[PDB]
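Going by the order they are written in, the chains are A, B, C, D, E and F; count residues from 1 in each one.
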Amino acid sequence: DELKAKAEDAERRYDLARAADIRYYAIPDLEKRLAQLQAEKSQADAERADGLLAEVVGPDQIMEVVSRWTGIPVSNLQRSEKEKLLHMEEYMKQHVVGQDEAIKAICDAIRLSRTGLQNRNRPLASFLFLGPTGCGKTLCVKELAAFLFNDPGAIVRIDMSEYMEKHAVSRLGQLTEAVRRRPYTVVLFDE
Amino acid sequence: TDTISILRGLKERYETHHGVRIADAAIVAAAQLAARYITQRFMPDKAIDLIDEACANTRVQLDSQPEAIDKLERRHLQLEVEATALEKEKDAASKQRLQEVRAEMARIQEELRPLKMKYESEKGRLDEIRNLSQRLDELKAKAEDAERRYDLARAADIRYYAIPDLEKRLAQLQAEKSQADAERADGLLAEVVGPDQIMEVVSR
Amino acid sequence: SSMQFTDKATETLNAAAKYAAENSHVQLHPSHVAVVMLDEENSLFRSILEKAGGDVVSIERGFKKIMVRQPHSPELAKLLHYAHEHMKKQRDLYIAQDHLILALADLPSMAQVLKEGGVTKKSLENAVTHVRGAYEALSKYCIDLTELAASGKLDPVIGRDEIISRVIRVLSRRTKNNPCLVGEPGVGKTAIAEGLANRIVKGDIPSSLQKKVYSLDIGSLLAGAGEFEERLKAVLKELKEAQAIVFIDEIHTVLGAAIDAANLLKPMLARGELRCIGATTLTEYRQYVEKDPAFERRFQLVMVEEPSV
Amino acid sequence: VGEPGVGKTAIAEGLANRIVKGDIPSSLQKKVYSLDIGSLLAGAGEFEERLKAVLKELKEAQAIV
Amino acid sequence: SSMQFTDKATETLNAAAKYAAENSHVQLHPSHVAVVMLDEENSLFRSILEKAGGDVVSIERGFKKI
Amino acid sequence: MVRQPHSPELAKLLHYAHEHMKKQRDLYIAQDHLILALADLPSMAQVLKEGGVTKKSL
């Protein structure tokens, strides 16, 4: 790496007498030894039958750093975004029962925004839960981030008990700055 | 209508600093598009910037090279060093790769040199045009002060033995510029700032 | 051991040989150094001799007659040896323009003209005491980006073809020739100017632009004292006679304020004798650039958008 | 008085291009000086002392600013 | 009675006493002041002789003979 | 020290310190200031040559 830096400096400062022995001698004669040690090391690692991903940074190596800086298990990182939208209706019915007509309506508003059948001017899915109290308004929100977002703790709650006044409208800002740090968040509008 | 008269007053100074060819069609088109599309400032600040930006972009193609030409030159530099480095080696695998690099460089030299050397010879001539405009505009300004400060021994050597001498050189370079433009299939937009050049600034 | 000379002291012997080359000479005499120093803007060789008295005209005319009688000079080798031997004798302060006066006083050929002109040997001791207490200031207080780029010690810049090409068009304009990489602390601001210096040595820049890139260090200028005016004015003077573009990282901290330092950059950026490349945050950009109408006349808004996936 | 965009400094530039050439007699010719607020603030307070010396020279020389 | 000096004229007065002492003199002649004052970068005395008339290369030659 | 009976050689050493106060760059005039001053004397630099101390390496 240092020889490549000194070779380029001589070719740019009008000095074709020193760089002619680096790019044409010091480098071509050393690439054979470096490539030989890397080939013999990869073959010896397969004979030990362990530690295959301990020397080559691959997809499983990047997922280990992300899983440590947050707390999400490794099994949730390998799940692609395509397989999550397919097995979504079977997961919501295991925790929330009775509302068979409400689970199907949630997947119909999310799948239409990921394939490309809608313009990029609206968010994921805007919902408006109604009905009496104790029907599945809070539990349904917690189960959404535990499958699609893989983070139950990433659900912010902005109650209207203190933001009802007109002076608190500009802080919707506290809500703007909060969602900037965490992109994949769940903004809940209670009351 | 008042904006067009403002750009025509500073046309000689704007052509000297940039060095391109400012036509009369780019002046009217600049004031017309600044009162319908880009409208957030005030005249002439929202019209002069449309001329300096369009003239500065043309300077790149008149001196450097576009991306379609620069990409071909970067590929030839990597093959020249690789062909020489593999020649010193006596490996059996280096002899087969050397036959493909030498055969590829022969096609590049037949298409890059007849195209890159046209901009190199024009660079040595187009840069002299700007040097003539910077000196002719300076001699006309320095001799004007001598006529108002009572000095006839200084203005006589500028308006007679300086401006008329350097003026004939500019007329000779304009004739040789049209000859080189025919060999490059350019000249209608690559070196003339017209209505098409102003519209590219607003659209971006 | 080994001696260390600044870029200004190195070019002093080169500029002295250029003036002697036109007068048909084969050797470099130390008398040519005093002639070059007397033809600079706000030089220090004249103000120091004025305190001790004497007649500079009688000394300047005496040094010009020595170079005419000339046929590396043998007398020049003693000057280079004294700069290496006396490099571990005094106290603080490295090498500059005022320290070269004592080196010429030790030469017997130069001491005879001084004694016959006015300022004797004893007057040179008290003259350099009151004054006590890339070029010269561009090496210790600034870092040339083009030097590290051409030496293969710069990280490659891939993915900024739509931003570097826009800065070139701004510098080629007559007005508003001061780009400002307005972005966010995380999208990349210093690495953008790194790719611009790579195209300078390769020759991809147009003929209208031929300047260099110098990274103005803010923390280096605040080293020590009061004495900040002597360090800021020295950088602006070296960039005017050399014609170069200086890079300022985080312009909201140095331009807009404790010690008043933004007042020395306003007349330079207004007359077109200085080109700066800004790279501040949009949060502080609306409080130090858009607030003053005089700053918007010279700075152009350049948005830096975060790349996609 | 106007919006920051219609041109203010360029208006005073045309005044110097008419008095020097020929418009008013020599009994009313006055020089035009551009007083910058950044040049007086630089240095070492001493901001009011440097301003007094400028206003004094503009009276005995008969010139506008 | 009081005497107040400035900065440019103060350094010139102190420089005239050192010039008369290094050349072994007795009295302080006024000609030992204009020589040191003229040898200054962008001095105010240089523009005086060039405005009211007179060459600056011949007036200084007459001060060294004194 | 065995051949020993101000000093004739100390007066010359003090003359060097009078001129070294106005030179270029060094440190502080103290104990380390007299280290680089004894090498100029011919009667003191002979011991450093036979011991492995080069004048250019000091």
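Criterion: a residue touches a chain if its C-beta (ideal position, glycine included) is under 8 Å from a C-beta of that chain, and two chains touch if they have at least 3 such contacts.
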* Quick one: point me to the chain whose Cα centre is farthest from that of subunit F. => A
* Mind checking the centre-to-centre distance between subunit A and subunit B? Centres are C-alpha means, answer in whole Å. => 47
* Go ahead and note the Å separation of the Cα centroids belonging to subunit E and subunit F. => 44
* Structure fact -> Cα centroid separation, subunit D vs subunit E, in Å, comes to 35
* Report the inter-chain centroid distance for subunit D and subunit F in whole angstrom, where each centroid is the mean of the CA atoms. => 65
* Which residues of subunit B are in contact with two or more other chains? -> none
* Structure fact -> Those chain pairs meeting the touch criterion are A-B, A-C, B-C, B-D, C-D, C-E, C-F
* Which of the residues in subunit D come into contact with subunit C in the complex? -> 4, 36, 38-39, 41-44
* Asked: Hey, which residues of subunit C end up touching subunit E in the complex?
  -> 42-43, 46-47, 49-58, 118-120, 122-123, 126
* Please give the residue numbers of subunit C that touch subunit B in the complex, ascending. => 165, 168-170, 172-176, 203-208
* subunit B - residues contacting subunit A, complex -> 81, 84-86, 88-89
* Taking the complex as given, what residues does subunit B use to touch subunit C? -> 14, 17-19, 48-49, 52-53, 55-57, 59-60, 62-65, 70, 123, 126-127
